[PDB]
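What follows is a set of notes on a single structure, which appears directly below.
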Amino acid sequence: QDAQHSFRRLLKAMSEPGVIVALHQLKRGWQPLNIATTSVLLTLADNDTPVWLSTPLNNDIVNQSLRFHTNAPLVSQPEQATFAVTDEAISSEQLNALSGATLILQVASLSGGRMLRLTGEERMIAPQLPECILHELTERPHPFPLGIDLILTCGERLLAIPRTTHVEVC
Ligand code: NA
Ligand code: NA
Ligand code: NA
Ligand code: NA
C-alpha cells in the first residue's frame with residue numbers, strides 16, 4: 001500500500017482507540033521490526049523526529065534501513081525520543097524516560113491478554129502487555145499531555161491507545 005493508505009489507517013486507529021487496522025507499506029519489515037512498525041515509521045518519522053530503538057530491536061541492519069528510508073536521527077537514549085520502538089521487555093525506567101513520546105510497542109499478539117475496557121461508548125480489547133505498560137495506562141501518572149501515546153503492533157496489524165483514552169482492567 002501507498003503512504004496515504006498507511007496515514008488513513010493510522011488516523012482511523014488513533015480516532016477509534018482499540019480498533020485494529022492493517023498497514024502494509026512494504027512487503028517486509030526491517031526485521032526484527034514488524035511490517036506495521038516499519039509502516040508507522042515510514043509514515044511519521046523524518047529528520048526532525050529522533051527515534052530510539054531498544055536493545056532487542058537495535059541492530060545494524062535495522063539502523064541502516066531506518067536511516068536510508070527516513071533519515072530520522074537514531075538516538076542512543078529514550079529521553080531524546082520522539083518515537084520509541086521497543087518490545088515487551090521495555091523497563092519501567094525506560095517507560096518513565098519517555099514522558100510525551102509516541103511508543104510503538106511490538107507485541108507478539110494483540111489478543112490473549114488481560115481484558116481492558118477503553119473509553120473516551122466503550123471498546124473491549126485484550127492485548128498482552130507488560131505490567132509497566134498496564135500500570136501506565138490504568139493509573140495515568142502523568143497529566144496531559146506529558147504521558148505517551150501508545151501504538152501496539154504485531155505483524156501487519158496495529159491498534160492505538162492515545163494518551164487521552166481511559167483504560168480499565170476487571
Ligand atoms: Na485522533
Ligand atoms: Na529478545
Ligand atoms: Na510526534
Ligand atoms: Na503478557
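We place every Cβ from the backbone using ideal geometry, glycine too, and count neighbours over all the protein chains shown. Readers should treat all values here as calculations from the given coordinates under stated rules, not as data from a laboratory.
Checking each residue in the stretch 58-93 for being within 16 Å of ligand 2 (Cβ to nearest atom) and among the polar types (S, T, N, Q) picks out 58, 59, 86, 91.
Sort through 121, 136 and tell me the only one that's under 19 Å from residue 161 (Cβ atoms), outside any loop (DSSP other than H, G, I, E, B), away from ligand 3 (no atom under 16 Å from the Cβ) and among the acidic types (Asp, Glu). That would be 136, the only listed residue that is under 19 Å from residue 161 (Cβ atoms), outside any loop (DSSP other than H, G, I, E, B), away from ligand 3 (no atom under 16 Å from the Cβ) and among the acidic types (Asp, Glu).
Scanning the stretch 73-101 for residues that are of a type in the set (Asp, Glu) and in contact with a helix residue (DSSP H, G or I) (Cβ under 6 Å, 6 or more places away or on another chain), which turns out farthest from ligand 3 (Cβ to nearest atom)? Of everything passing the filter in the stretch 73-101, 87 is farthest from ligand 3 (Cβ to nearest atom).
Scan the stretch 29-77 for residues that are assigned to a helix (DSSP H, G or I), crowded, with 16+ Cβ neighbours inside 10 Å and of a type in the set (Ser, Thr, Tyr) and jot them down. Listed by number, the residues that qualify are 37, 38, 39, 43, 65, 70. The number of residues in the stretch 1-28 being outside any loop (DSSP other than H, G, I, E, B) and basic (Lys, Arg) comes to 3.
To keep it simple, each residue is scored yes or no on (1) under 13 Å from the mean Cα position of the chain (by Cα); (2) within 16 Å of residue 86 (Cβ to Cβ); (3) of a type in the set (D, E, K, R).
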| residue | (1), (2), (3) |
| --- | --- |
| 9 | no, no, yes |
| 15 | no, no, no |
| 19 | no, no, no |
| 27 | no, no, yes |
| 38 | yes, yes, no |
| 49 | no, no, no |
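For first residues located in the stretch 74-96 and closer than 12 Å to residue 58 by Cβ, partners that are small (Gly, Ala, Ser) and assigned to a strand (DSSP E or B) and lie 6+ apart or on another chain with Cβ distances below 6 Å form the pairs 78/84.
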